[PDB]
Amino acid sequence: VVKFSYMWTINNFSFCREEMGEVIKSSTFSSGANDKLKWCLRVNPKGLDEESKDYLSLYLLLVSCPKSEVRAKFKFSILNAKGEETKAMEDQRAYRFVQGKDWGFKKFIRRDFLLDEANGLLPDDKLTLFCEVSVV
């Protein structure tokens, strides 16, 4: 049982919204030991769905793994301008991951709530996502 985290700062969230496509991937982060398994984050600005069109979708993708499957629990959260966690989403259940398989939330955060300056979620037009993974 290994636990690690990864912070993803997306620059020019609104400024380069159209250059971001239907989906954009993040850099690959390891187990915190850099030995066997590699993950990355996959976010959908539009949600590519009718029910989640007003939402931003966030996923945890398993890039490479030595074994056949990997069971892991994940937790997504947004870091506000003062570094604090907000709008956290997670499932107490663990999920099976295979090379090229991903798990996440289609409706993770409302775009309206995200772009609202009152929530202080986009300082310097940067969206800072936080992910914590617990491999079993």
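Just count from 1 along the sequence shown to find any residue number.
Higher mean CA temperature factor, per the PDB entry, when comparing 79-87 with 96-104: 96-104. Between the stretches 107-115 and 44-52, it is 44-52 that shows the larger average CA temperature factor.
In the deposited entry, the Cα temperature factor of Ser27 places it in the middle third of its chain's modelled residues. Ranked by Cα temperature factor within the chain, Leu60 sits in the lowest third according to the deposited record. Sort the modelled residues of the chain by CA B factor and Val136 lands in the highest third.
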